[PDB]
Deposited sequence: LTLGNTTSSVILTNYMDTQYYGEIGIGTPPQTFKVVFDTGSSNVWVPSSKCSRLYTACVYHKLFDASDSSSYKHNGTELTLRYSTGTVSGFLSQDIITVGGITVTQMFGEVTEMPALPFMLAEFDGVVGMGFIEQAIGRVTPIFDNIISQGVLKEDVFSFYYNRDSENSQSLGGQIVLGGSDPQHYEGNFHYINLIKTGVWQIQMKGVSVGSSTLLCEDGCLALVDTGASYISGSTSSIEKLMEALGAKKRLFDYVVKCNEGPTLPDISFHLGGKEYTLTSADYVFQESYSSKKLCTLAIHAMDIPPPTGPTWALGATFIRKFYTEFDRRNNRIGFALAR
């Protein structure tokens, strides 16, 4: 009854990831600890060269590890941003301190957009067994089957060390006072119910309730293409191919937005959601909010990612199905 923790790296506020070690001797890999999926996956040595992705990433080759026993099931993972596909294997992942014998997919068809823009290599999901493709007991549920942790919970800090995950606890030197929690909606997904999105100080989006996937594996707040299309229109931002945008001098006047989450209002001012890489006019800055249409059944939902976890430290509490936000630091 212990509390370990993963130091995480921050790349440009859009990508936070960490280290695990698959295999004996350890084969390291950078991975994203994702609360919105539930598989572990690392590119394979079998990943044919044609995947511009696979050739440019660190990749697993069982060949070198005493403990790799194996199974060969094809599994196919349909993340909301692409698909990846490979078979799955057995061996040990040690995730920051804890070693466990895990099933992970070794991927192979691994599509360029977007895996070619990713500094990480794999993904370690931390969602419920309800969406483990292949219905395979997920890494968090194994740290807890050989249960060593203090509380069977974990929390994410994403810095503005790039950030940290704490297994079994909450480093209470990275937040200001007491998480307020929110019990779940479904069980099976880290999704909470959001009742009302506001800008300025009037509810403009989401008045008869909407859903919210809290997703550590996402860079920005995302919303369905309609709703973001109106969110931006009240912010006055402008579209430009990959993202809404507004010219850097107007930055500190774009109004604040407040996600009504559970009991209090999570307010994000423009310094929080705008990449003020220059307060000047003439260049025009990016907004950290994006349209994404997550498909049924998890979605259609807003998904609050890194733009949000960065202002609120987030504790995901398995034991009694609550997520709990507490102000940053």
Worksheet item: Going from the first residue of the deposited sequence to the last, where are the unmodelled runs?
Response: 1 to 4, 165 to 171
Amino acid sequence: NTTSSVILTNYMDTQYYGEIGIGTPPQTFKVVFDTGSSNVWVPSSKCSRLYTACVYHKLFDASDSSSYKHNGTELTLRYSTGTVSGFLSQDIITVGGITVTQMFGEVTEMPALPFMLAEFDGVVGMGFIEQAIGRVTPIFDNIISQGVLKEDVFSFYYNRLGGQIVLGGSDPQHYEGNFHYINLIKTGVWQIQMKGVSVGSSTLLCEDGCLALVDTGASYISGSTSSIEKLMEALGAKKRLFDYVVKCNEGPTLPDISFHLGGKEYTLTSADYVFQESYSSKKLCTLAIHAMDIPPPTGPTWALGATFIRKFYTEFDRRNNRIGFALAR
From here on, numbers count along this sequence of modelled residues.
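Take the two forms, find the largest set of C-alpha atoms that superpose within 1.5 Å, and that set is the rigid core.
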Worksheet entry | Outlying stretch relative to shown form, 112 to 120 versus 128 to 136 in 9 other deposited structures of this protein, C-alpha RMS (core) | 112 to 120
Item to complete: Find the stretch among 82 to 90 and 166 to 174 with the larger RMS C-alpha deviation in 9 other deposited structures of this protein, all structures being superposed on the shown form by the rigid core.
Response: 82 to 90
